[PDB]
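To convert a position in the sequence shown, counted from 1, into mature numbering (1 follows the signal peptide of the UniProt record, and there is no 0), add 2. Just so you know, even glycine gets a beta-carbon here, dropped at the ideal spot from N, CA and C. Report on the following structure.
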Amino acid sequence: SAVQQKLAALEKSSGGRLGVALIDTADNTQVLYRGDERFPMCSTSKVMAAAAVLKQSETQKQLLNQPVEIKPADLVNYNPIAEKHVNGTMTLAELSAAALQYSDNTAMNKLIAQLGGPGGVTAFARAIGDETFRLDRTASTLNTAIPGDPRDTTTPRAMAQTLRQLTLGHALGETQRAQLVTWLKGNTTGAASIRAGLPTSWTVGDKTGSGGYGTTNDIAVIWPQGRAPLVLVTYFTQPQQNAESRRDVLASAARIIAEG
Ligand code: NA
């Protein structure tokens, strides 16, 4: 397809490896580029962990208001929000918002612990039909993003389908889904990624991720005006362990998708 030639050209220009999955819910049509290849999720896995806690809250109605202690020993390699509450508490709602909107790794680790370990996050993915997602490590090491390493990976197709079920579908209770959508729309880390390649009148909710090998990811749900929503996954990784971030590639992929 024309979109696929333009994505392949973007990839060639970039020096790295690009994975894209678009779901157009107006007709459930899909555009894929390396859609079944594995990529390191990096912090985009925080969406699955937040959604898994939201699922628990369908039975434990007050779960999101539960306070969780933040201890000095809990603070890891990137804790912009949790550091503000050391020797205090944050609720699981506040930890979910910090994980999603600031990519706070201590917050993510509290979600993982609430779920009984990374296997509890993977379990939720399996329960909603995602057989590809796997979370293996906690937040300080899950984004090493080593080529060929299956840990902490998924494919663009699988993550696009899962994100659609979580935000537009009914994998979550209606109120939980609405909460996740609100959190994603309030993300603060995405301005240079998918959002930068889209018309300024489209509403976006997204979660970014970055890691070793210049891995630069973004997963988004997109609401154009007067048109059915879209789900877009853009994953990107590079050959050199020390490679720099390339959020521009994700913006460019989004732009190509939107023009198609
Ligand atoms: Na690495």
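Distances from the CA of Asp154 to each of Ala127, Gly90, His87 and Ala198 were compared; the closest alpha carbon is that of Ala127. Counting C-beta pairs with one atom in each stretch, the stretch 54 to 64 and the stretch 22 to 42 have fewer than three that are closer than 8 Å, which means they do not touch. In this structure, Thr155 has its beta carbon at no less than 6 Å from each heavy atom of the ligand NA.
For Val251, the uninterrupted alpha helix (DSSP H) segment begins and ends at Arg249 to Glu261. With 5 Å as the limit between CB and the heavy atoms of the ligand NA, the residues that fall short of it are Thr146 and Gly214. Shortest Cα-Cα distance from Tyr80 to any of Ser47, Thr31, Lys73 and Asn107 involves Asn107. In the three-state scheme derived from DSSP, where H, G and I count as helix and E and B as strand, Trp225 is classed as strand. The secondary-structure analysis by DSSP pairs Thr93 across a beta bridge with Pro69.
Excluding residues up to 5 positions away in sequence, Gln103 lie with their Cβ nearer than 6 Å to the Cβ of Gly188 in the same chain. Taking C-beta separations shorter than 6 Å and ignoring five residues to either side along the sequence, the partners of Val251 in its chain run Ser16 and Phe238, following chain order. Taking C-alpha positions only, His87 is separated from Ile72 by approximately 6 Å.
In this structure the stretch 126 to 141 does not lie against the stretch 207 to 217, because fewer than three pairs of beta carbons, one per stretch, are closer than 8 Å. For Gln163, the three-state secondary structure derived from DSSP is helix. In chain order, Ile196, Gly199, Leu200, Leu234 and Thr236 place their CB closer than 7 Å to the CB of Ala256, counting only its own chain and leaving out the 5 sequence neighbours on each side. When DSSP reads this structure, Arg40 sits in no beta bridge, so it has no partner.
Take the alpha-carbon of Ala11 and the one of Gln178: they are about 39 Å apart.
Taking each of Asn111, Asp220, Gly21 and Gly122 in turn and checking the Cα distance to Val33, the smallest one comes out for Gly21.
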